[PDB]
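Novice: Fold the following for me, if possible:
(chains A and B)
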Amino acid sequence: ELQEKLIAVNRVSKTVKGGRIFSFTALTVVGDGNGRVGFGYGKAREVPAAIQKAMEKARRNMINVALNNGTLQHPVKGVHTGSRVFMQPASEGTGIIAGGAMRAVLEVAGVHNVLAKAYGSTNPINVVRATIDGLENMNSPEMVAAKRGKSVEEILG
RNA sequence: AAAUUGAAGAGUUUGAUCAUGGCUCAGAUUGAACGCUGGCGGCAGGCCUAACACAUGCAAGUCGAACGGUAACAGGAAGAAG
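Specialist: Residues are numbered from 1 along each chain as shown, chains lettered A, B, ... in the order given. The structure is reproduced below:
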């Protein structure tokens, strides 16, 4: 159904011979609510054009991650530039406890219950990339049963 | 059976960026103090400072079934005044 979220709107400037020229960047996320997450980074001279750029960039580059009934599979460490995200699956209930950008990514991802923490720089673009890296780093019991070459019950016990 | 189901960030260095890195904020608490305000009840608490100096009153007595006794009080026995 492709629900959409706007995370950050930044104003950046490029200096020229006349003076400063200001443009606006938008960081967005889209998601199915079931597994599929995508993030977009648009840049335009005025704001809603940058929002529309970020949305049509985010809708293309979406990756699907695996997740249980509303939860993760294991603890997983996502990393990026200055961001050292750590997300732990949850018990049921308790909502998404996560800060800001990571909260928006996990909410469009369909992750209902999570315990998350950001380390290092909490810059929004880099923590969105660290979050989605930790999400696509995650692996399922059926795929780790496909790897090690045995049924899932012999792994879980 | 149960004995715990646990983890949020933001602002500020720049023309703008990303890092590093301080500073500050959002919470909970207290033997609290002060300012404005003030209906009641329950249960707790109340010199953190001068281990400074203390007026006044009380805070350790009991036992006659240990004893000599007998000041009180209470009767007794007697002698009396009526």
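
Novice: Can you tell me the SS state at residue A:11?
Specialist: The assignment at residue A:11 comes out as strand when based on DSSP: H, G, I helix; E, B strand; the rest coil.

Novice: cool, and the one 10 residues further on?
Specialist: The three-state label for residue A:21, taken from three-state DSSP, comes out as strand.

Novice: pretty sure it is touching residue A:13, no?
Specialist: Yes. In terms of CB atoms under 8 Å, residue A:21 counts as a neighbour of residue A:13; the distance is 6.5 Å. (Each C-beta comes from the backbone N, C-alpha and C, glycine too.)

Novice: Tell me the secondary structure at the residue nearest to residue A:109 when sequence neighbours are not counted.
Specialist: Using CB to CB, 6 or more residues apart in numbering and skipping residues adjacent in sequence, the residue nearest residue A:109 is residue A:37, 4.5 Å away. Following three-state DSSP, we place residue A:37 in the strand state.

Novice: give the contact list for residue A:37.
Specialist: Applying CB atoms under 8 Å, 6 or more residues apart in numbering, one finds that residue A:37 lies in contact with A:29-31, A:62-65, A:105, A:108-109, A:132, A:135.
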